[PDB]
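J.: okay, structure incoming, though there's no sequence with it:
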Ligand SMILES: [Zn+2]
């Protein structure tokens, strides 16, 4: 049972999403702060920002792992539907075509726990650039939330953990809905709530 409990930890690990102004905003993603929920199109690069208030130990990493939100689904591993996992589109030379969550980082490593089957992607933790508070990493989500035989309309979260040599040092999480029209789904979900 992977924990989703937010945890800044001793190093002050935090995530965020950059401001979107109407003039240059991407239509491929949008983040509802009131819902703590990312809306994003399938197979589009989505910017996620990370920081630590204090420098963590050398060689620390950041893991991204999707999990289902509701008790009725928590124990089931989140991964792509067989349809998308076995097609050739999106998958030419990918090392882990069944993983839902991908990261563009050059050193991204795709791992699967041999016992639980949990899939995640790990990248190095990095010092921000000069004068910058945040490091931006690019993720993609490789099925729609409605993929029959995959997510099948069940809600998911993505867990971000800062880790060093296996030990979780910090944790943040957001809900994620992968949909054709992030702005439309955000407005409608924010309206219903
Ligand atoms: Zn799919």
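T.: That came in fine, so what should we check first? Numbers count the residues shown, from 1 in each chain.
J.: so what does the lengthiest strand in the chain touch, helix or strand wise?
T.: Assignment by DSSP state E gives strand 167-178 as the longest strand of the chain. Where contact means 3 or more Cβ pairs under 8 Å, 6 or more residues apart in numbering; DSSP states H and E, strand 167-178 is packed against strand 13-16, strand 37-40, strand 156-164. For the C-beta atoms, the positions are set from N, CA and C on the backbone; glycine is no exception.
J.: how about the residue nearest the centre of the chain: which residues does it bridge to?
T.: For the chain, residue 158 is the residue whose C-alpha lies nearest the centre (Cα atoms, centre = their mean; 4.4 Å). Note on residue 158: beta-bridge partners by DSSP bridges are residue 66, residue 174.
J.: how about the secondary structure of residue 84?
T.: helix (DSSP: H, G, I helix; E, B strand; the rest coil).
J.: number of nearby residues for it?
T.: Neighbours of residue 84 under the rule other Cβ atoms under 10 Å: 22.
J.: do residue 23 as well
T.: When neighbours are counted by other Cβ under 10 Å, residue 23 comes out with 5.
J.: if I look at it, how far off is the ion?
T.: 33 Å (Cβ to the ion, to the nearest Å).
J.: and if you look at residue 84?
T.: 3 Å.
J.: could you find the closest non-adjacent residue to that residue?
T.: Residue nearest to residue 84 in three dimensions, not counting chain neighbours: residue 143, with 5.4 Å by Cβ to Cβ, 6 or more residues apart in numbering.
J.: just checking, next helix/strand downstream of the longest strand of the chain?
T.: Next in sequence after strand 167-178, counting helices and strands by DSSP states H and E, comes helix 182-192.
J.: ok, the spatially closest residue to residue 78 that is not a sequence neighbour - contacts?
T.: Nearest residue to residue 78 in three dimensions, chain neighbours excluded: residue 66, at 4.0 Å (Cβ to Cβ, 6+ apart). By Cβ atoms under 8 Å, 6 or more residues apart in numbering, the contact list for residue 66 reads 78, 100-101, 141, 156-159, 176.
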